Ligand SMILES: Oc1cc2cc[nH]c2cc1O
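Okay, so here's just one chain, in C-alpha cells, the form solved without this ligand.
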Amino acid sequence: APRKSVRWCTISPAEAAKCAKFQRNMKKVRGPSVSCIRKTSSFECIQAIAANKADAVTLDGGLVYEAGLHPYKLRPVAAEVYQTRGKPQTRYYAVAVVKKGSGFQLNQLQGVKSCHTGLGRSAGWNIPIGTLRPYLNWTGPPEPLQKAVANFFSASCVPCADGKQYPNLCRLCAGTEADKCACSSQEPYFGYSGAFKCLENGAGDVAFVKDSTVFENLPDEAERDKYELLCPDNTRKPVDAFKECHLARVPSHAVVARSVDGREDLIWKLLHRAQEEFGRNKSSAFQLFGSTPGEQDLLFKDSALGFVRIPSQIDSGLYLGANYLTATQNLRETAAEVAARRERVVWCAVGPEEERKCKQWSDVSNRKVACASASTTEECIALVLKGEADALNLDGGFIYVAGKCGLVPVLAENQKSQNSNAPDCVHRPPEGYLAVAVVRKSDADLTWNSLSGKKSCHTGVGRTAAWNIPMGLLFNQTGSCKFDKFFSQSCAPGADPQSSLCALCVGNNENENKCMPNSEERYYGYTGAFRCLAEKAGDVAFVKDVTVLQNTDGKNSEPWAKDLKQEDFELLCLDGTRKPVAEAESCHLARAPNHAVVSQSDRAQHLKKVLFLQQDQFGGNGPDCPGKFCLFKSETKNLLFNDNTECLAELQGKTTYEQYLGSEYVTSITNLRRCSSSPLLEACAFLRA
C-alpha cells in the first residue's frame, strides 16, 4: 500500500543544498518525500538514472536527446513552462547576444572569443554550432566536432568540453584549479547565466543563450541598450526582438525518468505538490523556481511558471520534433549523408507487404525513394513526426489524425473516374467515393433497421467507409458509446484483441496477428472487409461500392473471390430499402474524401515533384508500368495506394485537413471522439499546444 520516495539527482554542491532545502520543506508540508543523490554532471545523472541509482533530473533539450539514446533510453516526464513575455510556453528561442560596438555579424564569428552554456546544450551548442557548420570547414563525423569548433573560436568557455585535448575550448572559463570548465555550477561560466557573465565581464565577444537571459540579468532597460542580438540574416537587433532575431526555437527543458519502471507518477505527484506549494509566490519558506546569485538555474529553471505532464506515447524524438532532431542528428553526420537525405523521399510503409512493394519502388527509382516501415498507421505518422519518414497515403479517417498533428495533404488519389480519362486526372477535381453497407442477397431478412446484434466486418477502426461513417450514424440512433456491444461479434482491425470487435478476424495464414491493422490480417482493408462478408464470417460489411465490383465476377481470382458474382450482393439503404450493388448512387451511407498523401508542410513541394515524376514513369499511363513497375497496382491487396488510382491529383485549393475533409466530416469525427480518442491524437494535442 505505501509508495516510496523520488531520488532527485544533483550535479554540484550548491545544487545538492537546494535539493536538501527542497526535501526539508517538502516533508514539513507533509507532501511527497524526496531524496537527493549526488553526481557531478547531468551526463552523470543520465547514467545514474538508467542504472537505477537515481530517478529524475531536469535536462536541456540537447541532453534529453542524449538521454533517450539506446543504453539509457530515458523519457521526458514533465516539461517546464516559461515566460514568453506573453502567453506561457513550453518552447523558447535560442539566441546569440553581443555587446554594442563590436561590429561583426553572424557570418563573421571566426576568430572571436565565445562563451557557451555547456557542451551539448540546445542554444549553448547544438543550435549555434549547427548554424555555423558551414563556416567550420569540417569533414564530418570521423573528425571530432570539437577539434573543429576549437579552431574557429579563438578561445571559449564551453563547460564539459574536453579542455585537455582542446584547451582553447576551456581557456576563457574561470574556476579554481580543477574547478575550471566544470560541467556544473562549479565553473562560474556554466549555463545561461555564466554564458552571460563570461560575456559581460568582457571575457568573450558573443554569448549563446536563451531569449530571456539578458532580461534575467539586466532588469533596467538602460543596462540592456548596451547589448544586441546577432540575427541569422547578418543584421543586429535589440535584445527584445528575439521573436524576429533568433537562431532557433527549441523545446523546453524536461524532467526525464526511465522508460520501464521509472515511477513517472511518483515524480509527477512530487512536482505537482511542489508547484502548488512552492511555485509562483505560493510560499516564502522555500521557493522552487528561485536560486542563489552565486549560482543560478539550480535543480530547475529559475522563474519557470511550472510544469505540464507529458503524455505517455511521447518519447524524446516526438518530444523534440523533426526540426530539432534533424539538426542534432546532423552534427553527427557527414555533409554527404545529410545532403542525401534531404533529396530522397522516405515513404512509410505499413506492415510487411507494403514494405516489399516499397522496396521494389526503391530500386526501380534508383533510390529517389527510400523506405521506412511500421506495423500500424499511427506508427508511420509518428515516424513522419520524428522526421524519419517523409510521407504516406492515408484514408480520410487518418488524414484527420495527421492533420491534428500538423501534417498537410499534399496530393489526392483520383480513381479512374469517369468523364474524360485524358490529362484531366491531375487537375480533375477529386470526386470522393461512396461509402456503403453491403449484405448478401440471400439474407433478405437483414436491413439497416435490423443490424442490431448481427455480425459485422469493418475495414479498420479509424477509417472512413468502415468505422467513421456507420459508427457515426449508429451512435446517433443509439445514443451509446458502447461500440463493441452493438454488433454481436465483429472484425475491425486495430480494436482490442480481447474485445468482440476482434472476434471475427483471422490473422495471417497460420492465423497469428489476429486483428492487426495491416495486411497481415486477411480481413483488414476494403478487400479483407469484403472477404469477411464473403467467407460467411460476417453479416454486414462496410466498404465503398466499388469494392464489390472489383472482387466479383471473376475479376479477383483468389480462391475465395473467383466464383463471386455481383448478383449475390445488395446494399442496405438508409431508409431501410435494399438496392443491388450497382444502385449505390441511390443507396449509400455517405460520400467520403479520397485518400490523400500527407507530409510536413516543409517537404510538400519537393514531395509533390518527386511524386509527379515517379507517377509519370510508373503510373496509370506509366510507360514502364506493366513493364518494370506499376505504382498503382498490387493484385487487389491495395498496397501503398488503391489499385484503382489513375493518378495523384491536385487538392483544388483544399490544402488543410479541415478544408480537404470538409466541415461535416471533420465535425462528425469530433462528436464520435466523445466516445473515444487515441494516444496519438492525445500526444499531438500537447505537442501542438
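Sequential numbering from 1, following the sequence displayed.
Keep in mind that the form solved in complex with this ligand is not shown, yet the notes after this line are about it.
- Checked against this ligand in the deposited bound form, the candidates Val384, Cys173, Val438, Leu299 yield a single residue with a heavy atom inside 4.5 Å, and that residue is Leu299.
- Stretch-level contact check against this ligand in the deposited bound form with heavy atoms at 4.5 Å: of 26-34, 55-63, 618-626, 649-657, the positive one is 55-63.
- For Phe153, no non-hydrogen atom is located within 4.5 Å of this ligand in the deposited bound form, even though that partner is not displayed.
- Of the heavy atoms in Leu639, some are within 4.5 Å of this ligand in the deposited bound form.
- A residue is said to contact a partner when one of its heavy atoms sits within 4.5 Å of a partner heavy atom; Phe530 fails this definition for this ligand in the deposited bound form, lying far away.
- Mapping the unseen interface onto this chain, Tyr524 counts among the residues with a heavy atom inside 4.5 Å of this ligand in the deposited bound form.
- Using a 4.5 Å heavy atom cutoff, none of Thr90, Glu570 and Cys573 lies near this ligand in the deposited bound form.
- Residue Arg463 is the sole member of 435-472 found to place a heavy atom within 4.5 Å of this ligand in the deposited bound form.
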